[PDB]
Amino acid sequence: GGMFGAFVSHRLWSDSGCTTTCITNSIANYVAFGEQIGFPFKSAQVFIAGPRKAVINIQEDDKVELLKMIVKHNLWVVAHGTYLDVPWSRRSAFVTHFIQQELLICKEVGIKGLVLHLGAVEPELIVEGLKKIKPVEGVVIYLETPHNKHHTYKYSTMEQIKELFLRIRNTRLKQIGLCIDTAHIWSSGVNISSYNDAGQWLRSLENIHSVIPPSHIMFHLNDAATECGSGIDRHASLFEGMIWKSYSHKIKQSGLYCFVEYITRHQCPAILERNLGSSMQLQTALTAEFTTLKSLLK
C-alpha cells in the first residue's frame, strides 16, 4: 500500500531538553502518536537544515540515532530543503553547494530524498540549475509543484509537467523525482475537487509515466484554505478547506479519494503538512485526517 505520514516539526514534537538528538526524538514521539491512534506511520518529513537560513540543523548524535530509528521502524523519511535552495538563482554558487551538503547528509542518515521548490521560470533554466548538482547514490531530488498567479510557468498542468521532465530526461540527469502538492496545483488553478476532476488529471499523469514514472513520485496531501487560482498558499486539513470541505459527507466522491487510490496502487509516499500553533491542536487535526484516511484505505 501507500506510505502515509506527516511533517514533523521540531517545536511541536520534540521533548524539552532533547539536546543533541532532537530530530530523532521528535520522530520517536511522532511514531508513538501513530500507534496511539491506530495509524502506523510509514513515512515522515523533516527539515535537516533551515528552512529559512543556510545552516544545517541536524547534529552528529542526531545523525547516528536517526539512521537507527529509520531502520528500526522502516520509515520512508524525506527531507524538505530550505527556502533558499534555489539552484537556478543568479548568485547560486553558495546555494548549490549548500544543497550538496544536504544531499550528502541525507544518504548518511538514510533519508530517501530532498524536496526542492520549482521556480516560476522556464524549464531550460530549471534543468540548468539542476545540472550544477552532482547526484548522491540513494537520494532523489523531488521537484515540488509550486504556486503562483501571474507567471507563465506554474508546473501544475500535465503539459508543463511533461515538458519539464522530458527536458530532464534528454539532459540525462539521474535521481530526479516529482512531488505533487495538491494545495499548490489548486492554488495554481487546477480544480481537483471532484473525483472526476482528479481522475482526469491523474490519468494524464500516468500517461507520461515514460518521462516521470510513479516510482519517482511523492505527494503532499494538503487541502487549501484559498480559492482555485489564488497564487497564495494556505494549507488546511483534508475536507476542511476550499478543495474538499463540500465532500466531507461523501468522501469517496472527493478528488482526494482518487489521489488516495493512485497512491495506494503505486505505493507512493504521502505527506500531510499541517501547521498549528501548539501540540494539542495539531494532534486533534491529524487524528481526524488519518482516521478518515484509514476509512478510504482499510
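Residue numbers run from 1 along the displayed sequence.
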(message) If you average the CA temperature factors as listed in the entry, which stretch comes out higher, 166-174 or 76-84?
(response) 166-174
(request) Check the entry's C-alpha temperature factors for 90-98 and 115-123, then say which stretch has the higher mean. (result) 90-98
(request) Sort 222, 156, 187, 207 by C-alpha B-factor from the entry and give me just the highest. (result) 207
(request) Just grab whichever of 233, 35, 65, 273 has the top CA B-factor as deposited. (result) 35
(request) Grab the CA temperature factor for residue 280 from the record and place it in the lowest, middle or highest third of its chain. (result) highest
(request) Report the third (lowest, middle or highest) to which the CA temperature factor of residue 201 belongs, ranking only the modelled residues of the same chain. (result) middle
(message) Ranking the modelled residues of this chain by C-alpha B-factor as given in the entry, is residue 54 in the lowest, middle or highest third?
(response) highest
(request) Would you mind checking where the Cα B-factor of residue 39 ranks among the modelled residues of its chain, as the lowest, middle or highest third? (result) highest
(request) Just say lowest, middle or highest third for the CA B-factor of residue 27 relative to the other modelled residues in its chain. (result) lowest
